[PDB]
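The structure under discussion appears below in the form of structure tokens.
All of the numbers you see were taken from the coordinates with simple rules; none came from a lab. Quick reminder, even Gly has a Cβ in these numbers, built from the backbone with ideal geometry, and neighbours come from all protein chains shown.
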Amino acid sequence: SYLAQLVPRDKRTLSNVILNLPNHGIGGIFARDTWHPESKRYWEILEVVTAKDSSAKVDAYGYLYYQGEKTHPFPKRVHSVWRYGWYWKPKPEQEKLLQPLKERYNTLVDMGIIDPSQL
Amino acid sequence: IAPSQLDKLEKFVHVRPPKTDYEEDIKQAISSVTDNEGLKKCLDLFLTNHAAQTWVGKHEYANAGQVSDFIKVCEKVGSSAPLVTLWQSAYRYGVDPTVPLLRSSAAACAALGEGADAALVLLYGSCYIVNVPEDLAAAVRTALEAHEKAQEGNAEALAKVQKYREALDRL
Amino acid sequence: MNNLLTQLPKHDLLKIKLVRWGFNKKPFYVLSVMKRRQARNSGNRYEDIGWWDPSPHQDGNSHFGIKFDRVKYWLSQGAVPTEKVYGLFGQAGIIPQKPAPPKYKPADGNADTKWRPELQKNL
Amino acid sequence: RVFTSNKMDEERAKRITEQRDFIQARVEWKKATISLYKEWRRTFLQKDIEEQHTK
RNA sequence: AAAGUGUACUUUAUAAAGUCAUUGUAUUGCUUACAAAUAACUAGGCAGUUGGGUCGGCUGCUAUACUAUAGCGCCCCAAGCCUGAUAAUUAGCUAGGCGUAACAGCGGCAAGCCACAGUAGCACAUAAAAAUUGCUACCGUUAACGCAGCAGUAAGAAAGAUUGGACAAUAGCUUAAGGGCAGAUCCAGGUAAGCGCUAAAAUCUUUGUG
Ligand SMILES: [K+]
Ligand SMILES: [Mg+2]
Ligand SMILES: [Mg+2]
Ligand SMILES: [Mg+2]
Ligand SMILES: [Mg+2]
Ligand SMILES: [Mg+2]
Ligand SMILES: [Mg+2]
Ligand SMILES: [Mg+2]
């Protein structure tokens, strides 16, 4: 489920996060678990293209923000897609709308119906 | 290798583009499928179609028209697992979660008699739709009761039904 | 015989190095300007600039000699001292001391006996 | 090689702080030595020019 | 250049930096002369051989010097070039070193240069490079191997050491997360160059006892 992309997981590349999101996660905010939560480090996705052969990997383009400021002049592809630890950071408006849905997902995981490790 | 700059992406796409149009293949596949294995192939076809559209530049729900046909084939075949997987990863397959689709899947599972599967579909659907219809909930409850009566002899089935009933009541 | 080199290397670096000229467990060193990739005691040099006696004497000090004028000349040309030569120059006040990186490895518990089997025979 | 950790604990903070100090110290050391070499380089060049004129 | 540059890569609630790619005023040099063992029971040697002219002699991207190593190669032209030449025997050279009042004579140690890696012909490799890189033929053992790397074994010879420990120090390779690798090297074992000391006790050394 797309709600499972909020919590970082081991061996979870950005490609899995991007693919399992509405509209391929265009215009979303993503960051790795090794980055400090208060450092304001994240990627903003502007364009996504799937792999020619595999069709399970994605080349993403966007902007890189450090301390809420751009680090480069023009959009560039994400060179660290293949690394692990990526997770989804919904915007405040999305967080408010997804409040009840997150509670439902957490309850299902707690009861054991949904296994986040498998997904 | 993909270009570093976004301004050079258009040239990269135009060179040796992969096959993108799979509507004809999917339509033929849906009709020809009569077993669970064919249903799995259709799911792979949906995934490839949803991923392939990005090369043209579309980011919409490509697999929005054949969802109903796939449900009908699954109900006739009698396997509900493909539908359970689809709802679990609805976005990944390019299917937009909607109430009419949830009702159709629940009715198909209820007709098959798998109340436990009906509860699973409803529970997964509740993670995409904020408000679940009360009439649909009653239908699933009836399906669970029918499932329990049909498979009352299996203790494991009874435990699964009880667990799903608690989940529906809690959520 | 041992004419000093005049042409500078074209594909390697010049360094200021310590040359072992001691006896059995009685080290003594000479500082010279030599090509980076050579034998330790090779006869190819540009100049000999100093000497060092690392062991203490009756006065409790170590003794070090160096050409002050020529050290500056070779440092200007591009000669790169080794780690130990930096320590000698830093303490002698020719150039500022070079900071060292932090260390985490548990230090060796047998440094003066691990490589001397004669002591281990008695141990 | 670089050190990264998903756990925001004291160990991670210590490694970052120590690395910053070492890099800052080394950068300052490099500037001082180069300035001395440049100053000495000018002095020897001037001496050679004087010697050439005398010859 | 112990440098600059980057729509590049990595680390940061702590940041300075490094990594990768690329850049030099002509963009990595040729030639000549002198010295160095025997040797005439080696007297003739050379025909691309000596010289001249056209052409070729590549890996670009300041301007001139009327083309600015070369029989180095093709074609053409003129007959010249060497003559203790040509052919043989022996040896790595310099030098430390040993004898001698010196002159001379001979060639164990530290280091510099050159050549080679079973034999020969080639490809890379230009500028600092082929023991531990390839292709082919051949020789010796058994499609493979060649210890003139350290230790070690067999035969030969009057006569040639352990199948040892350690990267702690010096030098080197890699790496900004402070590490990894190493028969160079440092130590030990073995062998009557050489140098030093011990092989007997003494108020339990009056540098004592207290
Ligand atoms: K040869
Ligand atoms: Mg010989
Ligand atoms: Mg050969
Ligand atoms: Mg070599
Ligand atoms: Mg041999
Ligand atoms: Mg040997
Ligand atoms: Mg070192
Ligand atoms: Mg004897």
Next item on the list: Would you please name the trypsin sites (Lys or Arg not before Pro) within the stretch B:47-146 that are DSSP coil residues with at most 15 other C-beta atoms within 10 Å of their C-beta?
Entry: B:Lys58
Notebook entry, point to check: At 222 nm, what helix-only mean residue ellipticity would chain B give, in deg cm²/dmol to the nearest 500, using -39500 (n - 2.57) for each DSSP H run of four or more?
Noted result: -21000 deg cm²/dmol
Notebook entry, point to check: Which of the trypsin sites (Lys or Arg not before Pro) found in the stretch C:1-39 are loop residues per DSSP with 14 or fewer other Cβ atoms within 10 Å of their Cβ?
Noted result: C:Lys10, C:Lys25, C:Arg36, C:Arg37
Checklist line | chain C: calculated mean residue ellipticity at 222 nm from DSSP helix runs of at least 4, using -39500 (n - 2.57) | finding: -6000 deg cm²/dmol
Item checked: Estimated inter-spin distance, C:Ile66 and C:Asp112, nm [label 7 Å along Cα→Cβ] -> 2.7
Check: Which ³J(HN,Hα) values in Hz, rounded to whole numbers, follow from the phi angles of the stretch A:21-30 under the Karplus curve 6.51 cos²θ - 1.76 cosθ + 1.60, where θ = phi - 60° and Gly and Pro get x?
Finding: 8, x, 6, 6, x, 5, x, x, 10, 9
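Give the percent of DSSP beta bridges with both residues in the protein assembly as shown that are antiparallel, rounded to the nearest 5.
In the protein assembly as shown, DSSP labels about 95 percent of beta bridges as antiparallel.
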Check: Along the charge dipole of the protein assembly as shown, Cβ charges K/R +1 and D/E -1, which of B:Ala137, B:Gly57, A:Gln99 sits furthest on the positive end?
Finding: B:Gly57
Next item on the list: Mind giving me the FRET efficiency for B:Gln162 and D:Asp9? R0 is 30 Å, r the Cβ-Cβ distance, nearest 0.05 is fine.
Entry: 0.10
Next item on the list: Using only the alpha carbon atoms of the protein assembly as shown, find the Kirkwood hydrodynamic radius as the inverse mean reciprocal pair distance, in angstroms to one decimal.
Entry: 29.7
Margin query: Whole percent per 10 Å bin, from 0 to the bin with the longest distance: what is P(r) over all C-alpha pairs of the stretch B:111-171?
Written below: 24, 57, 18, 2
Note to self: Give me the three principal axis extents of chain B from the C-alpha atoms, as integers in angstrom, largest value leading.
What the structure shows: 62, 35, 26
Notebook entry, point to check: Tell me, what ³J(HN,Hα) does each residue in the stretch D:14-29 have, in order and in whole Hz, if you take phi through Karplus 6.51 cos²θ - 1.76 cosθ + 1.60 with θ = phi - 60° and put x for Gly and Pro?
Noted result: 4, 4, 5, 5, 5, 5, 4, 5, 4, 5, 4, 4, 5, 5, 4, 4
Notebook entry, point to check: If you take the Cα atoms of the stretch B:24-76, find Rg, then find the Kirkwood Rh from the mean of 1/r over all pairs, what is Rg/Rh?
Noted result: 0.99
Note to self: For a bin width of 5 Å, list the pair-distance distribution of chain D built from all Cα-Cα distances, rounded to whole %.
What the structure shows: 4, 14, 14, 11, 9, 9, 7, 7, 6, 6, 4, 4, 3, 1, 1
Checklist line | Total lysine pairs under 25 Å (Cα atoms) in the stretch A:57-107, excluding pairs fewer than 8 apart on one chain | finding: 9
Next item on the list: Return one number: the angle in degrees, 0 to 90 and rounded to the nearest 10, between the long axis of the Cα atoms of helix B:155-170 and the longest principal axis of the Cα atoms of chain B.
Entry: 70
Check: Which FRET efficiency value, to the nearest 0.05, do you get for D:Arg41 and C:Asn3 by plugging their Cβ-Cβ distance into 1/(1 + (r/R0)^6) with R0 = 25 Å?
Finding: 0.45
Notebook entry, point to check: Between the DSSP loop rule and a limit of at most 12 other Cβ atoms within 10 Å, which chymotrypsin sites (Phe, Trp or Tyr not before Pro) in the stretch A:46-119 are left?
Noted result: A:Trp82
Check: HN-Hα J couplings of the stretch A:55-63 from phi, Karplus 6.51/-1.76/1.60, θ = phi - 60°, integer Hz, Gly and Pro as x?
Finding: 6, 10, 10, 10, 9, 10, 10, x, 10
Next item on the list: With the cut-off at 14 Å, report for the stretch C:4-47 the share of all Cα pairs above it, as a whole percent.
Entry: 48
Next item on the list: Using only Cα atoms, figure out Rg for chain C and give it as a multiple of 2.2 N^0.38 Å.
Entry: 1.27
Item checked: Rounded to 10°, Cα long-axis angle of helix A:99-111 versus longest principal axis of chain A -> 60
Item checked: Given charges at beta-carbon only (K, R positive; D, E negative), |dipole| of the protein assembly as shown in Debye -> 3480
Note to self: Give me P(r) over the stretch B:65-166, computed from all C-alpha to C-alpha distances, binned every 5 Å, as integer percentages.
What the structure shows: 2, 14, 26, 24, 19, 10, 4, 1, 0
Notebook entry, point to check: What residue among A:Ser15, A:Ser54, A:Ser80 has the largest mean-square fluctuation in a Gaussian network model of chain A, using Cα springs under 10 Å?
Noted result: A:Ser54
Next item on the list: Pop a pseudo-label 7 angstrom from the Cα along the beta-carbon direction at both B:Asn36 and D:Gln19 and give the gap in nm to one decimal.
Entry: 5.1
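For the stretch A:16-119, take the alpha-carbon Rg, divide it by the Kirkwood Rh, and send me Rg/Rh.
Computed over Cα atoms, the ratio is 0.99.
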